[PDB]
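[1] This one is an experimental structure. Sequence first:
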Amino acid sequence: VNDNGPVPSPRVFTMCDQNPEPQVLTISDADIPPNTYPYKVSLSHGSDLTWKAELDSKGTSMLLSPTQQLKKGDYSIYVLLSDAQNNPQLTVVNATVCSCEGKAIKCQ
Ligand SMILES: *[C@@H]1O[C@H](CO)[C@@H](O)[C@H](O)[C@H]1NC(C)=O
Ligand SMILES: *[C@@H]1O[C@H](CO)[C@@H](O)[C@H](O)[C@H]1NC(C)=O
Ligand SMILES: [Ca+2]
Ligand SMILES: [Ca+2]
């Protein structure tokens, strides 16, 4: 039966300041195929606190990148996927930012 729905791999980032590079994130389903066939990524209240969604070509991961030069640490991003649809709701995959240039660094 297709019970569960899609979910992001890492739940906490360490973005950088000056020019953060894409925060790689992926997807996982508890179901058995077809039930986990391809997706549809969606961003809920903050679909713009600047956050822009993306899929890897070979299916599984998603590319998460801002679109604003935003602030000094601690804040989430509401995520939302689907697989037959099922639609999950995912959620918050918070984001810890600390001073910088462009590579995902160890934080503070
Ligand atoms: C503590 O809670 C805040 C509020 O969401 C969060 O930003 C932070 O990452 C949590 N832990 C630490 C060590 O900051
Ligand atoms: C993410 O950080 C916020 C800000 O403190 C916190 O309220 C939340 O519980 C953390 N994680 C999730 C999944 O919401
Ligand atoms: Ca099942
Ligand atoms: Ca499923």
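    Structure received. Numbering: from 1, shown residues only. Ligands and ions are numbered 1, 2, ... in the order given.

[2] Leaving out chain neighbours, which residue sits closest to residue 103?
    residue 21 (5.8 Å; Cβ to Cβ, 6 or more residues apart in numbering). Any C-beta I mention is one placed from the backbone N, CA and C, and that applies to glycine too.

[3] Look up how far ligand 3 lies from the one residue in the chain that gets nearest to ligand 4.
    Closest contact between the chain and ligand 4, by Cβ to the ion, is at residue 31 (3.6 Å). As judged by Cβ to the ion, to the nearest Å, residue 31 and ligand 3 stand 6 Å apart.

[4] what does residue 58 give?
    Taking Cβ to the ion, one finds residue 58 at 25 Å from ligand 3.

[5] measure stretch 83-90 end to end?
    13 Å (Cα to Cα, to the nearest Å).

[6] Contacts (any at all) between ligand 3 and that stretch?
    No - Stretch 83-90 does not reach ligand 3 (Cβ under 5 Å from the ion); its nearest approach is 11.4 Å.

[7] any bit of that stretch sitting next to ligand 2?
    No - Stretch 83-90 stays clear of ligand 2 (Cβ under 6 Å from any ligand atom), getting no nearer than 9.4 Å.

[8] so how far is that stretch from its chain's centroid?
    14 Å (Cα atoms, centre = their mean, to the nearest Å).

[9] Please renumber the chain so that the first residue is 48 from this point on.
    Got it, the first residue is 48 from now on, which makes the last one we talked about stretch 130-137.

[10] Test my guess that residue 146 contacts residue 64.
    Yes - using Cβ atoms under 8 Å, residue 146 makes contact with residue 64 at a distance of 4.8 Å.

[11] Looking at these two now, which is surrounded by more residues?
    Remark: of residue 146 and residue 64, residue 64 carries more neighbours, 17 against 12, as counted by other Cβ atoms under 10 Å.

[12] Got phi/psi on that one?
    Main-chain dihedrals, residue 64, degrees, to the nearest 10: phi -90, psi -80.

[13] tell me the contacts of it?
    144-148 (Cβ atoms under 8 Å, 6 or more residues apart in numbering).

[14] Pull up the residues of this protein that are close to ligand 2.
    So the chain meets ligand 2 at 123, 138-139, 141 (Cβ under 6 Å from any ligand atom).
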